[PDB]
Amino acid sequence: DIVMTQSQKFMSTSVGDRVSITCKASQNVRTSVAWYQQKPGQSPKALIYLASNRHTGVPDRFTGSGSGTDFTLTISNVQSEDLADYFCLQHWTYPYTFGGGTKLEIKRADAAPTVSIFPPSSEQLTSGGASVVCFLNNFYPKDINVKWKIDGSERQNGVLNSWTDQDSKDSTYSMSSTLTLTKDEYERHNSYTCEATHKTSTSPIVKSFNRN
Amino acid sequence: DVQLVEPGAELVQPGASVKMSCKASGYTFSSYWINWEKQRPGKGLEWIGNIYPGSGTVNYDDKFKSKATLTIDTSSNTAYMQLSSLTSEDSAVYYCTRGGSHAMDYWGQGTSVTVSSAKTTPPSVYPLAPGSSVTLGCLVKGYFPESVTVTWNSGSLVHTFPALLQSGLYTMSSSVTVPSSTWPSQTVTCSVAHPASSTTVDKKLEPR
Amino acid sequence: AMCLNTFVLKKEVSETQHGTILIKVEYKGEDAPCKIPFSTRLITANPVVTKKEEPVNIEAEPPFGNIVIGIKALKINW
């Protein structure tokens, strides 16, 4: 089978800049290469057909180039709406094969996270469970570290982290961290702390509550 | 307008089989090819095969010959894909698309197939209230299958956190940020709907 | 070296989505791995028989308005 290689899993671009996404075929596919755009929760949208032809309705900011084995999708004047996964597809011979895709990240000014901690609710505690929730909202760049502490001692057991996709509206990232314990273990401790380490601050951003 | 209509979701048990439809409208069904694709989260798209309704031609990617069965019904302008001997590896979004010399042009919305022995379960909804803007939330825990919607103040008022498995059941959260002048002075409620379990739960956020 | 034995059509030749013709053959010889003899344009880069049991797909671009596979050699009209 033909292997379509998209070496860049992620590409970061400032608003207004040009970005070139590469697609390398393992053998000569002539011009039988299509490019698709896929935003989260959406089906792929056809951008380019036969390596260089723009589909009707596709903005002129999107350009396809190449033949043989080296293909490129170029996006000029990158906008917040271009935040998506871009992938190539060879249709020279069966089986048709897709590149692994390239996620386009929009670059912007730094944004410090808004950190919020929440104790378990009375309703959850009535069922013998206890989840402590920490939101780290609207930050940029994407790299962040979350650390939990119980009565000053670091806790790693029972922490589950969920990351959102980059926000098309403001180009930021958000994350939720949940520390799940039994009602029993939760009630044997007093202070619960969520700490965020991000580019924006030397010292971690600390949010805590005391059961008492 | 070219349209390929696919059902939104299918929940099936391991070892079972699933059959999904791809209903074509806005063009002559017998004049174009239909392609079938598999997409697993954070994974490379795969081409399962194609079908030509005008001739009955079927081509399979050899990797899916032991998994997929492609059929057609020209009378109803519908293409079908059956996946059999289902395992968790078959949990994915399956797309149909119209094809031809320019490859995939129009794609269907995709059918999200979940392969699991987990039981349909309604979520437990927990308020997240602090112990100038104020951030509030709701924790939506222990439901199955995906998905849920969390609506703040009948949609007047947000971050939706992607669900995680904990364990054979999903857990998600939603946050909302409001000016400290609107809450607690005015009511802030999260409305959580889980269509699969026929449930709708409202939780009013209370201070303390 | 080139395949020296017989090829059989495993499926009737059909037109593909990308306008080529798809030819599925099964090899009967002892000399596999071997290179498939092909004469009429060949689209498949290196048409080769890997195993006797395994059928192989060959793609070709037919000219407007006869195909020979092997050397009792398999004959195909389009």
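In order along region B:20-36, phi translates into HN-Hα couplings of 10, 9, 9, 8, 8, 9, x, 7, 7, 3, 6, 9, 10, 7, 10, 10, 10 Hz, rounded to whole numbers, per the Karplus curve 6.51 cos²θ - 1.76 cosθ + 1.60 with θ = phi - 60° and x for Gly and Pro. Amide H contacts for residue B:139 (H built 1.01 Å from N in the peptide plane; partners 5 or more residues away or on another chain; cut-off under 5 Å): B:126, B:128. For region A:106-112, the Karplus equation 6.51 cos²θ - 1.76 cosθ + 1.60, evaluated at θ = phi - 60°, returns couplings of 8, 8, 8, 5, 4, 9, 6 Hz by residue, with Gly and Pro reported as x.
Between A:124, A:90, A:166, the Gaussian network model of chain A with springs among Cα atoms under 10 angstrom shows the greatest mean-square fluctuation at A:124. Taking every alpha-carbon pair under 8 Å whose residues sit at least 6 apart, chain A reaches a relative contact order of 18 percent. Backbone amide hydrogens, once placed in the peptide plane, bring residue A:27 within less than 5 Å of A:3, excluding anything fewer than 5 places away on its chain. Note on A:80-89: average number of Cβ atoms from other chains within 10 Å of each residue's Cβ is 1. Looking at region B:30-97, the trypsin sites (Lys or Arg not before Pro) that sit in a DSSP loop and have at most 14 other Cβ atoms within 10 Å of their own Cβ are B:43, B:65.
The Kirkwood radius of region B:1-117, taken over pairs of alpha-carbon atoms, gives through the Stokes-Einstein law at 10 °C and 1.306 mPa s a diffusion coefficient of 112 µm² s⁻¹.
Across all C-alpha atoms in the protein assembly as shown, the radius of gyration and Dmax reach 27.5, 92 Å. Per residue, the convex hull spanned by the Cα atoms of region B:118-208 measures out at 87 cubic angstrom.
Per-residue mean of foreign Cβ neighbours for A:95-102 is 6 (Cβ atoms of other chains, 10 Å radius). Pairs of Cα atoms nearer than 8 Å and 6+ residues apart set the relative contact order; for region A:108-211 it is 33 percent. Near residue B:110, the amide H atoms lying under 5 Å from its own belong to B:6, B:96; only residues 5 or more places off or on other chains count, and H is placed 1.01 Å from N.
Our summary gives region A:1-107 a relative contact order of 39 percent, counting only alpha carbon pairs under 8 angstrom and 6 or more residues apart.
Sorting B:62, A:165 from the fewest to the most surrounding beta carbons within 10 angstrom yields B:62, A:165. 3J(HN,Hα) along region A:50-59: 6, 6, 10, 9, 7, 5, 4, x, 6, x Hz, from the Karplus curve 6.51 cos²θ - 1.76 cosθ + 1.60 with θ = phi - 60°, whole Hz, x for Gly and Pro.
Centroid-to-centroid, using Cα positions, region A:95-174 and region A:9-28 are 27 Å apart. With the charge dipole of chain A set up from +1 on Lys and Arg Cβ and -1 on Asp and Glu Cβ about the Cα centre, the Cα lying farthest toward the positive end among the listed residues A:78, A:49, A:200 is that of A:49.
Ordering B:86, B:165 by the number of other Cβ atoms within 10 Å of each residue's own Cβ, fewest first, gives B:165, B:86.
Averaging the Cα positions of each part gives two centres, and for region B:3-67 and region B:174-208 these lie 40 Å apart.
Ranked by how many other Cβ atoms sit within 10 Å of their own Cβ, fewest first, the residues B:192, B:18, C:68 fall in the order C:68, B:18, B:192.
Give the percent of DSSP beta bridges with both residues in the protein assembly as shown that are antiparallel, rounded to the nearest 5. Of those bridges, close to 95 percent are antiparallel.
Each value in this text was obtained by applying a stated rule to the coordinates, not by laboratory testing. Neighbour counts are summed over all protein chains in view; Cβ atoms, including those assigned to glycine, are modelled from backbone coordinates with ideal geometry.
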